[PDB]
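Before any comments, here is the structure.
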Amino acid sequence: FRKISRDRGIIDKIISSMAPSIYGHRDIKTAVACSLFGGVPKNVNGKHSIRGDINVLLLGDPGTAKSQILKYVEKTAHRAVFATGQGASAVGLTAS
Amino acid sequence: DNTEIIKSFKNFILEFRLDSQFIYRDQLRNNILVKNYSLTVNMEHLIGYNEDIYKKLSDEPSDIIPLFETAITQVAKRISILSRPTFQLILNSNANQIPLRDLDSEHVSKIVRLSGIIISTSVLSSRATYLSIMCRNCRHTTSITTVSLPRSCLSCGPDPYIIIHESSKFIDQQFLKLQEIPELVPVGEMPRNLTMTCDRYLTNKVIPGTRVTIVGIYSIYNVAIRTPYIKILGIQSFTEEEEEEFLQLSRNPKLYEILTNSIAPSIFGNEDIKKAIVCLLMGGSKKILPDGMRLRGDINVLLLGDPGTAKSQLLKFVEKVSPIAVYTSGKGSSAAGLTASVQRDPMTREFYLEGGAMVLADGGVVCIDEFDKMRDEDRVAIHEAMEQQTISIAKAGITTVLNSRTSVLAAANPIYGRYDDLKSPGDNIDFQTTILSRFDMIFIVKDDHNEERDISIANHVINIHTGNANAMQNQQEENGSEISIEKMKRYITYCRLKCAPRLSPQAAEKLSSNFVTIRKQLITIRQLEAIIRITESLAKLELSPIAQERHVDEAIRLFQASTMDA
Amino acid sequence: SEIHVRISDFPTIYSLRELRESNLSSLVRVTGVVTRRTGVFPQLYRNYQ
Amino acid sequence: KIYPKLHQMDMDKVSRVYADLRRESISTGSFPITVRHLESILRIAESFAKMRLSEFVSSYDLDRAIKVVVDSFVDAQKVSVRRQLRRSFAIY
Ligand SMILES: Nc1ncnc2c1ncn2[C@@H]1O[C@H](COP(=O)(O)OP(=O)(O)O)[C@@H](O)[C@H]1O
Ligand SMILES: Nc1ncnc2c1ncn2[C@@H]1O[C@H](COP(=O)(O)OP(=O)(O)O)[C@@H](O)[C@H]1O
Ligand SMILES: [Zn+2]
C-alpha cells in the first residue's frame with residue numbers, strides 16, 4: 001500500500017480504475033472514486049457534528065449506464081446496501 | 001412498640017410552632033372547617049423537632065408512613081371532640097432533588113426527592129381502603145381495613161367470603177407520567193420518563209406540561225421483569241443581589257445593544273433579526289376586557305430564508321437561551337402531532353391525556369423548523385392556537401379545550417429557490433396564506449454577496465475544521481461580546497415575572513398617526529396589535545412601568561423592516 | 001460472588017452459514033451485524049439481554 | 001487508517017476562490033452559491049488527500065477538489081448561463 005501511495009499519478013490510476021468496462025463519464029468516475037474514500041467526520045463538543053460522507057446524484061437520459069455504476073459500487077464497496085425507489089417502503093427503510 | 005411512633009407524631013403535630021401558630025394543627029383544623037381530609041407536613045421541620053422519627057421515616061417508610069396517616073386520623077378525631085374517615089398526609093421537602101439518572105438500588109423503598117415536568121395524566125380509578133365481608137356458608141360478618149380476602153372462614157370451604165358493598169369505603173387514584181427537566185437533558189439521549197401514582201386529594205392537582213417538585217417513595221413492583229414507580233407523597237410547583245443586579249442593569253443605556261449582539265455571536269450580520277428574536281423572547285403583554293375579549297400577548301415571527309442562510313442555526317440557538325423552549329422539525333414533536341392527544345399506557349392499562357410540544361410550552365416559546373412541510377390538519381390547531389391560544393381535541397363523545405399561550409418562532413423555505421421581491425409573500429412562501437396572515441412580523445434573511453462577509457464566513461468554516469473554533473469561544477468571551485447564556489436565561493425569566501408594562505397616551509397617538517399615514521400611502525387592523533405588542537416588548541426589557549414614545553421609533557422600524565421586507 | 005471468564009482471540013471462526021450440527025455444544029466465533037437488540041432486565045438477579 | 005488533516009497555509013487558496021465564485025453567482029445565473037458548496041469542497045479535498053495516503057492536505061488535492069465542485073455547478077445551469085460561466089472559470 002505504501003509503495004503505490006507515492007507512485008506517479010495515483011489519483012489518475014484510481015479514477016481510471018473505477019468501472020473499467022464503462023466508457024467516458026469521467027466526471028462520474030471521479031465522483032464515484034471520491035464517494036468511496038469519503039471525508040473525515042468531525043464532532044465538536046458542545047456544538048453540532050459534521051458529516052464526512054460524499055453524496056452523489058446521477059441524473060441522465062435512458063442509457064449512459066447510471067444503474068450499472070450503482071451495481072459496480074455495490075461489489076467494490078465494503079458495506080453496500082442496494083435499494084430501489086418503488087420496491088422500497090417507509091417501514092422498509094427506517095425501522096420495523 | 002409502634003404506639004410510641006404514633007404518640008411521637010401526635011405530639012409533633014399538636015405542639016410544633018411556626019410564626020406563633022401551630023401550623024400543622026391549625027391547617028388540619030382549617031381543612032376540617034373546609035371539610036377536606038388532608039394535611040401537609042414539611043420535612044425540614046420534622047428533622048428539627050426530632051431526628052429519630054425523621055430517620056425512621058426516611059429508612060423504612062413502608063409501614064411507618066401508614067402509622068403517620070393513622071396517627072393524624074386519631075389527632076383529627078381528638079380535635080373534633082373539642083369542636084363539640086382516614087385522613088391523608090402530604091410531605092413537602094426543601095432538600096436537593098437528586099437527578100432521576102442517579103437513583104439506584106440503595107434507594108429502593110427509601111424516601112427520595114425528584115423534579116421534572118408532567119407530560120401525561122390518566123383518568124381516575126377507584127381503590128379500596130376499608131371493606132366488610134360475609135361468609136356465604138355460615139353468614140359470619142367481619143370488616144377488613146395487596147390485601148386479599150381470607151381463604152378460610154374466621155368463624156365453610158375455600159374462599160367462602162363475599163364483599164358487602166353498602167358497608168365499605170373507597171378512595172380515588174390517579175396515575176401520572178413525569179420526565180426530567182430539559183435543562184439537564186444530555187445530547188443524543190432520550191429524557192428519562194418516570195411512572196408516578198397519587199391517591200385521594202393529590203389527584204387532579206396538575207395538568208400535562210407542568211414543572212413540579214416530587215417527594216415520594218421510589219419502589220419496584222411486578223426473565224424477572226420489573227418496573228419502577230413512585231408513590232407520590234407531595235408535589236410542589238430570585239436572590240436579592242441578582243434582583244438588584246438586574247435593577248441596576250435596567251438603568252444601563254446600552255443594554256438593548258448588548259443583548260442584541262449576544263444573540264448568536266457566531267452568526268454574521270442580521271442585526272435586526274436578532275432584535276426581533278429578543279422581542280420574541282421578551283414578548284408583549286396580555287390584558288382581559290370585561291366583555292370577554294382576551295388580548296394575545298404572545299408574538300410570533302416567521303423567518304423566510306434561502307437555503308444555506310444559517311436558518312437552522314437561528315432557531316437552534318434560541319432554544320438554549322429561552323427558559324421555556326421546545327424544538328420541532330418534520331412534524332416531530334414531544335411524541336405527538338404538536339398537540340395534545342389521548343393514549344393508553346399499557347403499564348397501568350389506563351387511558352392517559354398526553355401533552356404535545358405546543359402544550360408543554362404554555363407561557364413560553366416554541367421553535368418550529370421545516371414549517372412549510374408540516375401536516376395541514378396540524379396547521380388548523382396551530383392556527384387556532386396562534387390566535388385564540390387554545391387547542392381543541394375531540395375524543396369519542398367528549399371535546400376538550402387545552403390552553404397554549406406560546407409564542408412561535410418559525411422558519412420556512414420559499415416556493416421557488418429564492419424569494420422574489422417582485423411578488424407578494426402570499427405567492428412566494430410555500431404554505432397556506434391564512435397562516436401568513438397570523439404572524440406578527442416576518443423577515444427575509446438575505447444572502448447579498450459581500451466580500452468581507454463571505455471571507456469571514458469562509459474562514460469560520462476552516463476554523464471549525466481545524467478545531468480553532470474552541471479557542472474562538474475564549475476569544476469572544478474575553479472580548480466581552482456576549483452575556484452568559486445561563487444569566488441571560490435567568491434575565492428572561494426575571495423580566496417575564498417582574499414587569500408588565502402599559503402603553504402611554506403619547507405612544508398611542510403616535511401609533512395612530514403612523515397607522516393612518518401608512519394606510520394613506522397604502523397592512524390591516526390586525527397588524528396594529530402586532531406593532532403594539534412590540535412597544536410593550538421594549539418597555540419590558542427596560543422594566544419601565546409604562547411604555548414610552550421613544551420605544552415607538554424602533555418598534556415601527558423593526559415592523560417596517562419586516563412587512564416592507566416583502 | 002462469581003467470576004465469569006471472558007475468552008479472547010479464539011482462532012477458529014465460523015460464519016452464520018457454516019454452523020454445522022457437529023458444532024453444537026462447542027465454543028464458536030462468528031461475525032455479523034447487530035440488527036435487533038433488546039433492553040436490559042435482570043434474570044434469575046443479574047442482567048440479561 | 002488515513003485521516004488527512006488541513007494546513008492553514010491553504011486558507012488563502014480556499015477563501016479567495018469561494019469569494020470569487022460567490023461574486024460570479026450574483027453576476028450571472030440564478031443558483032446562489034451556498035456555504036454547503038464550501039463544505040463540499042473541503043470534504044472532497046480530504047478525500048483526494050486520503051487517496052494518496054498522506055496525513056496532510058496538499059495544494060494539488062485542493063485544485064482537483066475545486067475543479068469537481070465548480071464543474072458540477074456550472075454544468076447544471078441553463079445553456080445561456082452555461083457558456084458565460086465556462087469562460088469566467090477557465091482558470092479553475
Ligand atoms: N457510457 C456507456 N459506456 C458503455 N456502455 C454503456 C454506457 N451506457 C450504457 N451502456 C450499456 O447499457 C447498459 C446500461 O443500461 P442501464 O443500466 O439501463 O442505464 P440506465 O439505467 O442509466 O438507463 C449496460 O449494459 C452497458 O453495457
Ligand atoms: N452569517 C453566518 N454566520 C455564520 N455561519 C454561517 C452564516 N451564513 C452561513 N453560515 C454557515 O452556513 C451553513 C448553513 O447551513 P444550514 O442553513 O443549517 O443548512 P439548511 O439551509 O439546509 O438548514 C451553516 O453551517 C453555517 O455555519
Ligand atoms: Zn363461614
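Chains: A, B, ... in order of the C-alpha cells. Residues: from 1 per chain. Ligands: from 1, in order shown.
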Name the residues in contact with residue 34 in chain A at a cut-off of 8 Å, using only C-alpha atoms, excluding same-chain residues fewer than 6 positions from it; report them as a PDB file with N, CA, C and O atoms, in the first residue's frame.
ATOM      1  N   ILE A  54     -19.782  11.488   1.254  1.00  0.00           N
ATOM      2  CA  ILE A  54     -19.935  12.216  -0.002  1.00  0.00           C
ATOM      3  C   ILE A  54     -21.194  11.716  -0.699  1.00  0.00           C
ATOM      4  O   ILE A  54     -21.375  10.507  -0.879  1.00  0.00           O
TER       5      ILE A  54
ATOM      6  N   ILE D  44     -14.373  16.758  -0.242  1.00  0.00           N
ATOM      7  CA  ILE D  44     -13.736  16.123  -1.388  1.00  0.00           C
ATOM      8  C   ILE D  44     -12.238  16.402  -1.401  1.00  0.00           C
ATOM      9  O   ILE D  44     -11.458  15.583  -1.903  1.00  0.00           O
ATOM     10  N   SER D  47     -10.923  13.813   0.814  1.00  0.00           N
ATOM     11  CA  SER D  47     -10.975  12.525   0.127  1.00  0.00           C
ATOM     12  C   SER D  47      -9.824  12.376  -0.859  1.00  0.00           C
ATOM     13  O   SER D  47      -9.255  11.287  -0.993  1.00  0.00           O
ATOM     14  N   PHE D  48      -9.477  13.454  -1.566  1.00  0.00           N
ATOM     15  CA  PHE D  48      -8.357  13.392  -2.501  1.00  0.00           C
ATOM     16  C   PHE D  48      -7.045  13.140  -1.771  1.00  0.00           C
ATOM     17  O   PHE D  48      -6.202  12.372  -2.246  1.00  0.00           O
TER      18      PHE D  48
END
Requested in this report: May I have the residues of chain A within 12 Å of chain C, counting only C-alpha atoms, written as a ChimeraX atom specification?
Outcome: /A:79,95-96
Could the residues in this selection be written to a file with N, CA, C and O atoms, as an mmCIF file, in the first residue's frame?
data_model
loop_
_atom_site.group_PDB
_atom_site.id
_atom_site.type_symbol
_atom_site.label_atom_id
_atom_site.label_comp_id
_atom_site.auth_asym_id
_atom_site.auth_seq_id
_atom_site.Cartn_x
_atom_site.Cartn_y
_atom_site.Cartn_z
ATOM 1 N N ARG A 79 -19.365 -2.181 2.716
ATOM 2 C CA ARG A 79 -20.730 -2.441 3.161
ATOM 3 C C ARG A 79 -21.670 -1.633 2.270
ATOM 4 O O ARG A 79 -21.860 -0.433 2.477
ATOM 5 N N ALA A 95 -37.305 1.623 10.011
ATOM 6 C CA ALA A 95 -37.324 0.641 11.089
ATOM 7 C C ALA A 95 -38.610 -0.168 11.026
ATOM 8 O O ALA A 95 -39.576 0.211 10.360
ATOM 9 N N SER A 96 -38.605 -1.291 11.742
ATOM 10 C CA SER A 96 -39.780 -2.130 11.918
ATOM 11 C C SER A 96 -39.885 -2.536 13.383
ATOM 12 O O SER A 96 -38.994 -2.257 14.189
#
If the cut-off is 6 Å, can you tell me the residues of chain D near chain A, counting only C-alpha atoms? I'd like them as a ChimeraX atom specification.
/D:43,46-47,52-53
Let me see if you get this right: every residue at most 9 Å from ligand 2, counting only C-alpha atoms and all ligand atoms, written as a PyMOL selection string.
(chain A and resi 50) or (chain B and resi 264-270+305-314+370+413+447+453-454+456-458+460-461) or (chain D and resi 34-36+39)
Writer output for current selection, C-alpha atoms, as an mmCIF file, in the first residue's frame:
data_model
loop_
_atom_site.group_PDB
_atom_site.id
_atom_site.type_symbol
_atom_site.label_atom_id
_atom_site.label_comp_id
_atom_site.auth_asym_id
_atom_site.auth_seq_id
_atom_site.Cartn_x
_atom_site.Cartn_y
_atom_site.Cartn_z
ATOM 1 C CA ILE A 50 -20.069 17.465 10.590
ATOM 2 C CA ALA B 264 -25.877 34.051 18.416
ATOM 3 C CA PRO B 265 -22.473 35.800 18.240
ATOM 4 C CA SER B 266 -21.220 33.039 15.925
ATOM 5 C CA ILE B 267 -23.514 34.332 13.148
ATOM 6 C CA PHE B 268 -22.656 37.332 10.980
ATOM 7 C CA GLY B 269 -24.975 40.234 10.238
ATOM 8 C CA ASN B 270 -28.767 40.041 10.527
ATOM 9 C CA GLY B 305 -34.814 32.053 4.458
ATOM 10 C CA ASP B 306 -32.986 30.872 1.382
ATOM 11 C CA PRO B 307 -31.109 27.557 1.681
ATOM 12 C CA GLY B 308 -27.674 27.910 3.246
ATOM 13 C CA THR B 309 -28.543 31.123 5.126
ATOM 14 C CA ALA B 310 -27.976 29.514 8.574
ATOM 15 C CA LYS B 311 -31.736 29.293 9.141
ATOM 16 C CA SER B 312 -31.292 26.062 11.117
ATOM 17 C CA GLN B 313 -28.777 27.718 13.447
ATOM 18 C CA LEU B 314 -31.047 30.719 14.095
ATOM 19 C CA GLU B 370 -39.410 22.930 8.330
ATOM 20 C CA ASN B 413 -38.323 27.906 2.594
ATOM 21 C CA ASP B 447 -27.733 36.416 1.139
ATOM 22 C CA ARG B 453 -18.784 38.985 4.972
ATOM 23 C CA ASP B 454 -18.221 35.951 2.735
ATOM 24 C CA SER B 456 -15.163 35.988 7.262
ATOM 25 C CA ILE B 457 -17.784 33.244 6.913
ATOM 26 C CA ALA B 458 -15.411 31.199 4.746
ATOM 27 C CA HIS B 460 -15.071 30.325 10.042
ATOM 28 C CA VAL B 461 -15.601 27.008 8.235
ATOM 29 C CA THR D 34 -24.079 28.430 -0.607
ATOM 30 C CA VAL D 35 -21.757 27.594 2.274
ATOM 31 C CA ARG D 36 -22.627 23.927 1.732
ATOM 32 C CA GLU D 39 -18.344 22.357 2.977
#
One residue among B:559, B:54, B:317, B:68 is nearest to chain A when using only C-alpha atoms, and that residue is B:317
Original post:
Within 10 Å of chain B, which residues of chain A show up when using only C-alpha atoms, listed as a PyMOL selection string?
Top reply: chain A and resi 40-48+50
- Task: Taking only C-alpha atoms into account, report as a ChimeraX atom specification which residues of chain B lie within 9 Å of chain C.
- Result: /B:223-226
